[PDB]
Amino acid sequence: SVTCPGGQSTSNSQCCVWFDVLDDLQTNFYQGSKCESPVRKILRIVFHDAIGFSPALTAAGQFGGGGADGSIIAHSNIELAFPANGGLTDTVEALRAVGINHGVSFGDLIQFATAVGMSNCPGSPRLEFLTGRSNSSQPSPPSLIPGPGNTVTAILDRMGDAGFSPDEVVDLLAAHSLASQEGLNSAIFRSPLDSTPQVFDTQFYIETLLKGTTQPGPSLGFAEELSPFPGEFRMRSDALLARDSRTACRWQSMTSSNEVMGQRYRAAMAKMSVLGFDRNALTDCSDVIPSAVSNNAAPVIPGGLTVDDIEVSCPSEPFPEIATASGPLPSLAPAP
């Protein structure tokens, strides 16, 4: 182990630079270690950056993309033109300057920012952080990012090609527990995807399974479905994934334990963090990531709804026993 200039101990000298980056991101990018829009955006970026990897394209004699190579920043001119990459400009620009001023690769920076961002959100696991990804990259081919109107088959197909099994697709989606939408229905800008957009918990999995009864906006936008209460937005792909036979059971098993959800997501994320790379070539700097405060709230079916309102879709196991909150129906405020 080594002791960096500032006095912090670490297992590798290549981790030292990150303590400075941590200080920078928390102060400025995160505006005081907060769990607001900046974290959710970075979470969109890390997914959109890494999934630009496709062994099948490579098989068809084409460039399949370099994965988590930081290409979304390096080639933002091309990638930010992608339909799926709307609303990310200001975030890409802010990160570009951080990577430049610290001499760290874009690929590594995006991964670091994700782990650090999540620590500011109660309930989040301590994500793994590897460093050593090259700073060079080619722009990602278009159409490698799954969209909200895609069919479950198409989604599982794209993710499978990248290396994720259906279970892992459900695990990765835990990120929607700290999410809102800004571009699917602008009339309800920043409507949350679950009742706790600042808490990494199982509410997302529970709420997407409740019967859709409400139209939160003046109209139902593109790829929008009815949600269980005012202020909450339900994306079509989440709705289908929650109920599809190929993913239903994993989804349901994610409702009762925050601990299990965290562990699974963390594992899935570690796998996604190295798409396009060989982890044996990277250096482990996980010890730099701070812990997130604990979330002790129990998973609950909100607003007087009961298990009778849950559209059970898994045939092999009963819906688990969880708490029920008293009414009335909540009305979600926009995410910050």
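Sequential numbering from 1, following the sequence displayed.
On average, which has the higher Cα B-factor in the deposited entry, 91 to 99 or 141 to 149?
Mean CA B-factor is higher for 91 to 99.
Would you determine, from the values in the PDB entry, which of 52 to 60 and 263 to 271 has the greater average C-alpha temperature factor?
It is 52 to 60 that shows the higher mean C-alpha B-factor.
Identity of residue with top Cα B-factor, from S245, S180, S237, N77
Within the set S245, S180, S237, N77, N77 shows the top C-alpha B-factor.
Considering only modelled residues of the same chain, in which third does the CA B-factor of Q252 rank: lowest, middle or highest?
It falls in the bottom third of the chain.
Using only modelled residues of the chain, where does the Cα B factor of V288 rank: lowest third, middle third or highest third?
Its C-alpha B-factor belongs to the middle third of this chain's values.
Ranking the modelled residues of this chain by C-alpha B-factor as given in the entry, is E225 in the lowest, middle or highest third?
CA B-factor rank for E225: middle third.
Is the Cα B-factor recorded for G303 in the lowest, middle or highest third of its chain?
Highest third - that is where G303 ends up once the chain's C-alpha B-factors are sorted.
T208 CA temperature factor, ranked by third within the chain
For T208, whose C-alpha B-factor we compare with every modelled residue in the chain, the answer is the lowest third.
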